[PDB]
């Protein structure tokens, strides 16, 4: 039930999403090992993901969480990179997209830094890099990230040594 709608580069919405992407690139302590060496992206396409069933699934849970958290959904826009992106836009997020070895628990992970999510596009640790060149810093092959609406509700603050 998923439809993908292209946004025009002349659209403020396209421009806003690109700016979020570009403005949240940072340097990583692995020197680029997982996600590659770069300071910015070339944005090729931005599509709106439209699935009525998946949306109602989301808003139903958002309402539960909001009411449990005293009328505060604590909703954010956050990045998610994954080898499973194409399953996600059609079937939605679920347990299959959990990170069992995650240092903040076995759940589904999202990032404010676009470049952090870029580290997972080809899998944990960047896997073996792009399929075609086996290059985690490939400048040729096209990558995809999701920019997601996320309900945090009452969120437990965990400081990390990173």
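Positions refer to the first chain, counted from 1. What we label the rigid core is the largest C-alpha set whose atoms superpose within 1.5 Å from one form to the other.
*Asks:* Overlaying the structures in 9 other deposited structures of this protein on the rigid core, point out which of 95-103 and 32-40 has the bigger RMS C-alpha shift.
*Replies:* Looking at 95-103 versus 32-40 in 9 other deposited structures of this protein, the farther one turns out to be 95-103.
*Asks:* After superposing on the rigid core, which of 104-112 and 52-60 has its C-alpha atoms sitting farther from this form in 9 other deposited structures of this protein?
*Replies:* The stretch that sits farther from the shown form in 9 other deposited structures of this protein is 104-112.
*Asks:* Mean Cα B factor from the PDB record: higher for 84-92, or higher for 71-79?
*Replies:* Here the higher of the two C-alpha B-factor means belongs to 84-92.
*Asks:* Determine, for stretches 95-103 and 109-117, which one has the higher mean CA B-factor as deposited.
*Replies:* Comparing 95-103 with 109-117, the higher average CA B-factor belongs to 95-103.
*Asks:* Using the entry's values, work out which of 40, 26, 53, 45 has the largest Cα B factor.
*Replies:* It is 53.
*Asks:* State the tercile, meaning the lowest, middle or highest third, of residue 65 with respect to the CA B-factors recorded for its chain.
*Replies:* Tercile = middle for this residue's CA B-factor.
*Asks:* Taking the values exactly as deposited, rank residue 34 by C-alpha B-factor within its chain and report the matching third: lowest, middle or highest.
*Replies:* Lowest third - that is where residue 34 ends up once the chain's C-alpha B-factors are sorted.
*Asks:* Taking the values exactly as deposited, rank residue 18 by C-alpha B-factor within its chain and report the matching third: lowest, middle or highest.
*Replies:* It falls in the bottom third of the chain.
*Asks:* Compare the C-alpha B factor of residue 149 with those of the other modelled residues in its chain, then answer lowest, middle or highest third.
*Replies:* Residue 149: CA B-factor falls in the lowest third of its chain.
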